[PDB]
């Protein structure tokens, strides 16, 4: 069982350190259940985001083996291109040998320049991995470095320490009640069916069901822009001068919980979860249109995951949820 501590950066990004190569070169990576590639910046990249983050240097690793396979990824925010290569990755106390990973060669755009983390470690299914690169957790399972084909995620609140990815384990110290298991609707993302979104008894979105993914790499609770717009009004949010959804800090005490029904079980989010507070109070919701085969995706990001300990089970292709302790 491997324990990977995560730093909680402003309740918006959760990243942990990994080592790559021999000797180990260290990187912070987002542990991202919404993607499936591992990549870090490399010395081959001249982009500005590469210049203000750690860069992997193959020349200094005795176990590195190059490939001539290239890689390209577009995320909802930014993007990268690079090279695949093989090396030993240290993650959660586990020596993940012969792990294929991306060495960036371009990292355009503002966001990655200002992000505190170097790269991304995806935890989703191999079917959505760019250039078919074996995801890290698949490589762990295939080498037998975890005994149970599952991992769990605890994300702390209020910028506290203690966030953790548990590789190969479930820890009931981190939740209360029993774990509720949700079948994966479509194996790619950790994609599940959301039955309803309600408020004060009344359905306010996702009437008749909608597809959703559980995504540690997304800060907010996002959905189709239209549906999100109604929710933004139902809680009393509106764009400011400079483009942010302001909610009175007065309403954290007044409004009722918003309830997500998943596989017939109710998962409430209180105003203290879906209203981001700092004097300054913003909406935890944000519009973002994610079109796919199965339909337009909702994103249950860190706003939701902070309230529910989450188990990602590849043995039986299910997601487990329980209220955090």
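Take the two forms, superpose them, and find the largest set of C-alpha atoms that agree within 1.5 Å; that set is the rigid core. Residue numbers count along the first chain shown, from 1.
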243-251 against 230-238 - segment lying farther from this form in 4 other deposited structures of this protein (CA RMS, rigid core fit):
243-251
Outlying stretch relative to shown form, 1-9 versus 316-324 in 4 other deposited structures of this protein, C-alpha RMS (core)
1-9
Unresolved deposited positions lying between residue 278 and residue 279 come to 1 to 3
Of 96-104 and 200-208, the stretch whose C-alpha atoms average the higher B-factor in the entry:
200-208
Do the CA atoms of 292-300 or those of 260-268 have the higher mean B-factor in the entry?
292-300
Per the deposited B-factor column, the C-alpha that peaks among 1, 325, 6, 319 belongs to 325
If I read the C-alpha B-factors straight from the PDB entry, which of 158, 180, 148, 152 is highest?
158
Quick check for you: using the entry's CA B-factors within this chain, is residue 190 in the lowest, middle or highest third?
lowest
Sorting the chain's modelled residues by C-alpha B-factor, tell me whether residue 27 ends up in the lowest, middle or highest third.
lowest
Residue 47: CA B-factor among chain residues, third -> middle
Residue 39's Cα B-factor: lowest, middle or highest third of the chain?
lowest
If you rank every modelled residue in this chain by C-alpha B factor, which third holds residue 217: lowest, middle or highest?
middle
